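Residues per chain, in single letters:
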Amino acid sequence: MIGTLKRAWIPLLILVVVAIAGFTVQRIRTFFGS
Amino acid sequence: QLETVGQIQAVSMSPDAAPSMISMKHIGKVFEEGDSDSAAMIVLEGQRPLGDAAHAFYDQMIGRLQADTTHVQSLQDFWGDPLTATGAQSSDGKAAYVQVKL
Amino acid sequence: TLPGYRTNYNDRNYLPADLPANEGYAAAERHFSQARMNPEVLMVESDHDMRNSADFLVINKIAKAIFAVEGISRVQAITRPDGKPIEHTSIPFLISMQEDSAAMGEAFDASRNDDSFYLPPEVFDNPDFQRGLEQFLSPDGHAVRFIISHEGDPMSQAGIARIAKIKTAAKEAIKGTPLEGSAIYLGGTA
Amino acid sequence: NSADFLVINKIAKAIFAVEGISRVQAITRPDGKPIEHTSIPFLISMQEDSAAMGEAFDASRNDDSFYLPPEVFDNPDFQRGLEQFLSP
């Protein structure tokens, strides 16, 4: 429902950014050594 | 002070998972000459070609160096050995060196 | 200006030239080269005693294959104890009117021909060989190591790109030999 | 003939020297391994020394020299493999 999702859009965007960045970081953390 | 603790708890330059660090540790383990990656080079250079006095001083010096078991882990002579002596000497004969593992 | 950025790993370029370490660096550069004090060590670890005439052929093969890399000078092995091949090992000495064959052999030693190599099996019981055999082969003979020097700056972008080439050359030298599948370790500063 | 088999061994070695290549198989190399008794200590032929040299050159597959004398083409134990690698 849009009325309540567009009220917490900042925490949702922060969560999306944190998730994407964390997955990309844990992916890059495996390139060294191998 | 901060710098005292900083020099006390210093960390290695290279990671433990570095292929070259693993390689150096394994080379030292297999050849039984220390589990370090640090090594120094004692060069001795003269204005004239190194003769027998230089060889005697070098023998006494490596005898001294091998005694300090806590710091000097090993060394590759390569100059007290007639088979390999020319590998640790310049083409002109005025310089020689020995690698010491620390 | 960013797509022209080059970096450097030689720490002695960014230090005053009046440090004792740099003084000895200069003393060594006056006589050998700038890359003699920063050698690489390559170790090939097999699963059998390599102290025999059959495996020393593969060791000489590895030494030559590493020496054939572009920026490499002064590879040092047991079959090459001073970066120079052992004398009386070229093809005019596996063959043995004798003033001709002696001239051939001594012409093959004045250039360090290095096209053939045997080292008969009576070099392993020679006492004047063991002190050098302990430097290059493991105490149980299962590993052999090579000491590699660079031509220019070891810690440049080229000296760092040479590491993969050294490893590839060592891996291709043992391809198709009884030493195939051995582990190759490369340590050093570069 | 013995003259062209030298070039065949040259081609085999040159292909084997490519980086990602393993197990090149030719008539001068019938199992990816060089033929024994073809290295330089066998073109040369106190004999306990030369035999040791030859058998040290066969335990490593030295592959620095190669002849195959011309009496291998009339050897019946060679034709069944000569038909696999050379045109009829």
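Residues numbered from 1 in each chain as written, not as in the entry; some residues may be left out. Chains lettered and ligands numbered in written order. Part of a larger assembly, values for the part shown. Heavy atoms only, no water.

Structure determination for this entry, per the PDB record, employed cryo-EM and reached 2.64 Å resolution.

Scanning chain D from N- to C-terminus turns up four helices and zero strands. Going from the N terminus to the C terminus, chain D shows its helices and strands as α-α-α-α. Residues classed as buried in chain D amount to 34% of the 88 residues present. In the structure as shown, chain D presents an accessible area of about 5,700 Å², 55% of it carried by carbon and sulfur atoms. Positive and negative side-chain charges in chain D, numbering 7 and 14 respectively, have mean positions lying 9 Å apart. (Helix = DSSP H or I, 4+ residues; strand = E, 2+ residues; numbered from the N terminus. Buried < 20%, exposed > 50% of the residue type's maximum accessible area, 1.4 Å probe, protein only. Areas by Shrake-Rupley, 256 points an atom, 1.4 Å probe, with all protein chains shown as cover. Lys, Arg positive; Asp, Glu negative; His and termini not counted. Charge placed at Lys NZ, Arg CZ, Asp CG, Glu CD.)

Time to look at the pairing of strand β3 (residues 95-101) of chain B. All names here are of chain B. Burial analysis of β3 places seven of its seven residues in the buried class, the great majority of the element. Neither face of β3 is left uncovered, since the one carrying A95, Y97, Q99 and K101 and the one carrying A96, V98 and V100 both have all their residues buried. In this sheet, β3 lies alongside strand β1 (residues 39-45) in antiparallel orientation, the contact comprising seven bridges. If you follow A40 over to β3, its bridge partner there is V100. Inspection of the sheet shows strand β2 (residues 74-76) paired to β3 by three bridges, in the antiparallel sense. Residue pairing across strands places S74 opposite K101, the latter belonging to β3. (Pairing = 2+ DSSP bridges.)

On to the pairing of strand β3 (residues 143-150) of chain C. Residues and elements named next belong to chain C. Of all the eight residues making up β3, eight are buried; the element is thus mostly covered by neighbouring parts of the structure. The side-chain alternation of β3 yields two buried faces, one formed by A143, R145, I147 and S149 and the other by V144, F146, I148 and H150. Sheet topology note: the strand β1 (residues 40-45)/β3 ladder contains six bridges and is antiparallel. Looking across to β3, one finds that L42 is bridged to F146. In the sheet, strand β2 (residues 72-76) pairs with β3 via three bridges, with the strands oriented antiparallel. Bridge pairing in β3 links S73 to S149.

This model, assessed by the stated rule, comprises nine salt bridges over all chains. Residues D49(C) and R51(C) are paired through a salt bridge, measuring 2.9 Å at the closest nitrogen-oxygen approach. A relative accessible area of 30% places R51(C) in the partly exposed class. Across the pair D63(D) and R29(D) runs a salt bridge whose closest N-O atoms are separated by 2.8 Å. We note that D63(D), like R29(D), is buried. Several salt bridges converge on common partners, so that one network encompasses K64(C), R80(C) and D114(C). (Salt bridge = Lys/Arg side-chain N within 4 Å of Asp/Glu carboxyl O.)

It is worth spelling out the side chain of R80(C) at this point. Residues and elements named next belong to chain C. Take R80: it is sitting in the loop between β2 and α3 (91-94). For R80, a relative accessible area of 3% gives the class buried. With residues up to four places along the chain from it excluded, the contact list for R80 reads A63, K64, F67, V75, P85, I86 and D114. (Contact = heavy atoms within 4.5 Å.)

Accessible area lost when the parts come together is the quantity often used to give the size of an interface. Listed by partner, the interface residues are 30 residues for chain C and 30 residues for chain B. Both faces considered, chain C and chain B share a buried interface measuring about 2,600 Å² in area, 63% of it formed by carbon and sulfur atoms. It is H31(C), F32(C) and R145(C) in chain C that bury the most area against chain B; as a group they hold 22% of the surface buried on that side. Applying the counting rule to chain C against chain B returns two salt bridges. When the shortest N-O distance is used, the salt bridge between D81(B) and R131(C) registers 3.7 Å. On inspection of chain C and its partner chain B, the count reaches nine residue pairs in polar contact. (Buried area = accessible area lost by both parts, 1.4 Å probe. Polar contact = N/O pair within 3.5 Å; in protein donor to acceptor, adjacent residues only side chain to side chain.)

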